[PDB]
There are 4 protein chains.
Amino acid sequence: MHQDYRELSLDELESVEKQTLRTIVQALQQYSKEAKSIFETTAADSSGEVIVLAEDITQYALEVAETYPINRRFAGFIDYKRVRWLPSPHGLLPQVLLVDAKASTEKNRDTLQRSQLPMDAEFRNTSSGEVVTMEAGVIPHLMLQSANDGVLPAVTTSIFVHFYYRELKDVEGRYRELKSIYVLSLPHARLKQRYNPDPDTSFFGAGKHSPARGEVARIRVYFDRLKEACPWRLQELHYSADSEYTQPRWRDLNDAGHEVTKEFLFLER
Amino acid sequence: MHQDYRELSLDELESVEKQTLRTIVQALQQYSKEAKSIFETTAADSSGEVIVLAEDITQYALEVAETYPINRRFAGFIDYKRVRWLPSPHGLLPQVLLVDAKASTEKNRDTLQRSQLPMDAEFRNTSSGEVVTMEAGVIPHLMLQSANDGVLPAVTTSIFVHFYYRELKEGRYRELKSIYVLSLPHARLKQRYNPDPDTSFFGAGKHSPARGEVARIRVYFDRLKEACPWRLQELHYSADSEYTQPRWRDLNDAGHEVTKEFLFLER
Amino acid sequence: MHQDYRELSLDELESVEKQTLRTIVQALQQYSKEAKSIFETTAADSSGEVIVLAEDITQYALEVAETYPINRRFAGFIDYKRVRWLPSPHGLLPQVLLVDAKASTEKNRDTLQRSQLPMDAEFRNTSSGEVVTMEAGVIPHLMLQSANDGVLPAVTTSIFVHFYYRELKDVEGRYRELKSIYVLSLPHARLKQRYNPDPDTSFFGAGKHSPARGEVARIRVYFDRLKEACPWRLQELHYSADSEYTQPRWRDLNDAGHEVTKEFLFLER
Amino acid sequence: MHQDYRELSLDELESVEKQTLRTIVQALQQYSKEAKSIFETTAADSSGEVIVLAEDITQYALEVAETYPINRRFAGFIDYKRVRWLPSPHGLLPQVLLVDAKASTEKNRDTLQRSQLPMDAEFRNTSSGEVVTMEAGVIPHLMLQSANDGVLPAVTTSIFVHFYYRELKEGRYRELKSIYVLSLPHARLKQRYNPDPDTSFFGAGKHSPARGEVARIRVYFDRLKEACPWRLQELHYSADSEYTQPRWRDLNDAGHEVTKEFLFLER
DNA sequence: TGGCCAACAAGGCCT
DNA sequence: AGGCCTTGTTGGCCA
DNA sequence: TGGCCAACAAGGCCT
DNA sequence: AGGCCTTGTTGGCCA
Ligand SMILES: [Ca+2]
Ligand SMILES: [Ca+2]
Ligand SMILES: [Ca+2]
Ligand SMILES: [Ca+2]
């Protein structure tokens, strides 16, 4: 087995992102009943609330499903972060889990700051027909100081929890409606050749910034294009009138390379 | 992916025990410096103190390296136990980690109560020449109640932490030579590890049949390692450092047994 | 406020033992449903089981109600132990929580090893009319190394959880019966003058050892004599057919010095 | 003993806030060395970085000093929040700890959104000479559902952690001068701390009425301390040590204000 | 002190 | 899909 | 290796 | 209340 993620093959690397994602989906799933309650019944006190509700929900859902902590912390704009050891058959991997919460009325695409972009991006602006570029803002790994040698890189794993909702706002004891919780796993920089080799091959899109107003410049990631490149990298926990919790559905891909969905069991916790 | 370990192939099931063992070895390695202090400098109370030393060290070292806890406890004759989810490429697997501690002046073998036995054992007694048998005492899995359906089996994973020390009588009361860590295979793997009385790492118990004592069993380090090198690990102490030597035993991509040194953190 | 428990007055010292005990009673209370289940439905596999069931129940019940941990650990025969900071109005007190689990078919008295005795004991053997003595085996405190000075004593607080049960043994899916869970708070050594000034003033009794057989010698603590000396130092969580959990009853003493009992609310947890 | 904080006298209620504050000061004190490193050496991303630095430091320092957790969360506009039981001589009190972080180049005062305001405020504007008013945004308690009866109110306890720093431009990007810690009284204590517009530690907000901005409020350190010395604490950094100076402000048995140094651990 | 703005997220909408 | 412009959060600043 | 005992808890019972 | 004696746990030891 390995300790240095760089010695892992690309396939094995995607594998650890997959199990990282899977773990997080169970957390959100098992926390979905309380999440809907919190997301919908919390007083708005004049807009802005959803951004903070999304972050808190995510944190409460995930902090409960963490692993073997590493005594290392850092401050930054990323909502939820933890340096930890991730057990796996590839080896006990040091890891910096990074997940960002988003609240949106749109059930497709997500906006990213350059500080959240895992790998260098490039695509063609459908309107300007030109090639757009953006360097990754998330480091490939955080160096940890071993007690018997030199540094040991803790792999960075990027995740996005996207709360798709609708504003109903104040009515009875419910100020909004949580419709679905999408979870995204963005491929590590080492996987660029596989997911973004050329501007016409990618899941990126035009940023939500206003270039006319001379704004900082961001980037977008489109759900459908991510799911096509790799089905499991896009998960969806949807709410319906059949249950207080979301529908426990996990999207994966056969060993035969076809897309598949299955329902999984979850506990009350 | 899977949630039911029974759906996994035997090779995959072994990978979960192996990764469970690797996590534990890091924990004890990183806790080795303190383990040494507690084991060697803690005054003896009524002798047989190494017993509690071994159990306590094991808990402090491991309670710090757990994973996604499940709201269900396991009570019984096993030093350390936690029900939890184990992230894995084969799926997020529900698991019951069972680790038992042993203090011993011996460097080989280990003794087990039937309640710590993972699989139905069978071996040939060396002096009696007869076949000895023992039914497993550890359940293959603990059934958990899902919120949306029937039961979900949480795989049981057996691990043993063995403290090899020698009495000594400096401000120390004894010497911890090394900490061995054993991963015993699940019942599903019986045909791979103990298919018949002449192929097994088991051996006669430490009980006294003459005195009519219950009946216990043993696991021999050499045979366990020979059956699968990664299932027997060792963290040895040398005057080189205050921590054990960070060594992990495994095998090549060519099947060759290799012991590699690994990096560890202060804690 | 204080950091050194020795600077606390006797009254304040008893007060911290009281809040330590109170916290523990809630834990056991809220864990009583699962405790009964575990205690009664766990296969016996030939005797001895109850001693281990009592310890595990206690641990699961209490580890969940701990406070501000201190980075200090020690090995010893005491079942449950934790060095921690105990917030209180007297000050943020460093503390070594010590609790011992017992399983018994008797609903009165408890046996103690000298290693569990909090203060020096002395009483008169009702049969030999002689005076019995036993030095305390639990240290008054554990010295902790501060980072900006010398040592800081972490007060020792002794607690006993006594599982009063009856052997039914194997029948349907129940091997025994948990009747009540008693929780005892033994006064710190500093309180000797108050609880054991003379051999005819104490809650101690003849040990469970056999002097004829030349056994090591132990000591007993009698419930009724402890409750009389101080009502709150003896609590009782009893099970009845009215609820799966024990009856949430807390015993205390008025400011007027009279004994009182009240029922308290508890959560599912 | 009590479970309902409303049954407590005002002096007792203050003792719970005070002990809550003392625990937090130790946490930040023991985390001060690392806080200094994170605050001063973390590269600035788009400026306004001290904001996240202050929030994150506060969480790492405090998430390590919690008590008996209650299975109920609080979501909203408050940096750090945990519902829990607080051991106390007045009883095991259910509590909702609410602590908000602030980064600032100023050493006095603090700004608060209405949602972080613990009691209905009222003061006299110094330039307008008129009376300003603001209803509390923080609930007095969060009702919890008991397993055997009705509701149980979990007291809300307001704390603010203020990072006093100055821009600087060595391998450092700025300097953390000190960390102030504030304990704002519960609504029940209004008559003691803000009975009328001329007796209060509140002051005009930082919002812009001209621009028609919502309306915020301020708390002034000097008036808070003068009203009750222990409610304003300070952990200052000096070139003496890498940790802040472990000082706790309180008052005699004679009512005299005394600042004592206290012992702290490595962590 | 008060209180006007500056700097930034985070997104809602509307082509 | 693009991207313009609205809102709300947090304190730096300065009369 | 086998396997006989030693050293100790932890308590059940029986006056 | 006392306290004798039963059981079960854990490994030290040695043929
Ligand atoms: Ca975000
Ligand atoms: Ca053991
Ligand atoms: Ca015990
Ligand atoms: Ca804040």
Side-chain angles (χ1 to χ4, degrees), chain A residues 46 48-50 52 77 102-106 108 111 113 125-128 205-213 215-216 218 220 222, chain B residues 46 48 50-51 77 102-106 108-109 111 113 125-128 203-211 213-214 216 218 220, chain C residues 46 48-50 52 77 102-106 108 111 113 125-128 205-213 215-216 218 220 222, chain D residues 46 48 50-51 77 102-106 108-109 111 113 125-128 203-211 213-214 216 218 220:
Chain A
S46 296
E49 270 287 352
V50 294
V52 179
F77 298 83
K102 304 291 187 180
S104 168
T105 53
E106 299 185 62
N108 71 312
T111 301
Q113 295 303 320
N125 192 307
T126 288
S127 77
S128 76
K208 179 183 267 281
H209 63 293
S210 177
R213 280 159 141 278
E215 283 173 355
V216 182
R218 310 180 226 170
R220 263 199 176 83
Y222 285 74
Chain B
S46 76
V50 294
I51 299 174
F77 280 93
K102 310 281 183 182
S104 182
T105 50
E106 303 181 52
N108 67 314
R109 63 186 193 174
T111 304
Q113 304 297 304
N125 194 305
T126 285
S127 75
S128 170
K206 180 187 270 277
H207 62 298
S208 167
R211 288 170 160 290
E213 310 184 331
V214 179
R216 288 185 274 159
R218 275 191 171 93
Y220 281 74
Chain C
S46 296
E49 270 287 352
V50 294
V52 179
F77 298 83
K102 304 291 187 180
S104 168
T105 53
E106 299 185 62
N108 71 312
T111 301
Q113 295 303 320
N125 192 307
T126 288
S127 77
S128 76
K208 179 183 267 281
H209 63 293
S210 177
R213 280 159 141 278
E215 283 173 355
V216 182
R218 310 180 226 170
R220 263 199 176 83
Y222 285 74
Chain D
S46 76
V50 294
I51 299 174
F77 280 93
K102 310 281 183 182
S104 182
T105 50
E106 303 181 52
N108 67 314
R109 63 186 193 174
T111 304
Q113 304 297 304
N125 194 305
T126 285
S127 75
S128 170
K206 180 187 270 277
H207 62 298
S208 167
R211 288 170 160 290
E213 310 184 331
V214 179
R216 288 185 274 159
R218 275 191 171 93
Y220 281 74

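Because only heavy atoms are used, hydrogens play no part in the values below, and waters and symmetry mates are left out as well, while side chains stay in. Letters go in sequence order (proteins before strands), and every chain restarts at 1.
If you take NZ of B:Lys206 and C1' of G:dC4, they are 10 Å apart, rounded to a whole angstrom. With rounding to whole Å, A:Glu49 atom CD is found 13 Å from E:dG11 atom P. Look at NE2 on A:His209: it is 17 Å from P on E:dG11, rounded to the nearest Å. Atom P of nucleotide E:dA9 and atom CZ of D:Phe77 are separated by 16 Å, given to the nearest angstrom. If you measure from atom CZ of A:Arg218 to atom P of E:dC8, you get 13 Å, rounded to the nearest angstrom. Taking atom CG on C:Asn125 and atom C1' on H:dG2, their separation rounds to 7 Å, with Å as the unit. Rounded to an integer number of Å, the gap from CZ of D:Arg218 to P of F:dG11 is 12 Å. Summarising the geometry, the separation between CD on C:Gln113 and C1' on G:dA7 is reported as 13 Å, rounded to the nearest angstrom.
If you check distances only, the side chain of B:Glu106 does reach the base of H:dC13 with a donor-acceptor pair under 3.5 Å. B:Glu213 contributes a side-chain N or O that forms a donor-acceptor pair with the base of G:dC5 under 3.5 Å. In this model, a side-chain donor or acceptor of B:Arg109 finds a partner on the base of G:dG2 within 3.5 Å.
Applying the 4.0 Å criterion to OP1 and OP2 of E:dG2, one finds that D:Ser127 has every side-chain N and O outside that range. Taking only side-chain nitrogens and oxygens, D:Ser104 never comes nearer than 4.0 Å to OP1 or OP2 of F:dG11. Remark: A:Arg213 is not in phosphate contact with F:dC4, judged by side-chain N or O atoms under 4.0 Å from OP1 or OP2. A sub-4.0 Å separation between OP1 or OP2 of G:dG3 and a side-chain N or O of B:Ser208 is absent.
Considering only the side chain of A:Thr105, E:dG12 comes nearest among F:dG11, E:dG12, H:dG12. Closest approach to the A:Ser46 side chain among F:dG12, F:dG8, E:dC4 is made by F:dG8 (side chain taken as heavy atoms from C-beta onward). Distances from the side chain of D:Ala204 to the nucleotides E:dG2, G:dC4, F:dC4 place E:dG2 closest.
At least one donor-acceptor pair under 3.5 Å links the side chain of D:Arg218 to the backbone N or O of D:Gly205.
Put simply, NZ on A:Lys208 and OG on A:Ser104 are 7.0 Å apart, with the number rounded to the nearest 0.5 Å.
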Would you sketch DNA chain G in dot-bracket for me? Only Watson-Crick or G-U wobble pairs with both distances under 3.5 Å count, crossing pairs as [ ], other-strand pairs as |, the rest as dots. |||||||||||||||

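Residues forming a side chain to side chain donor-acceptor pair (under 3.5 Å) with B:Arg109 (at least two apart in sequence, or on another chain): B:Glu106, B:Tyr220. With sequence neighbours excluded, no residue satisfies salt bridge (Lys or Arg N to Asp or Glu O under 4.0 Å) with D:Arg216.
Smallest separation of non-hydrogen atoms from A:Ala206 and A:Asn125: CB-ND2, 4.2 Å. Contact record, C:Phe77 with B:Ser46: CZ-OG, 4.3 Å, taken as the closest heavy-atom pair.
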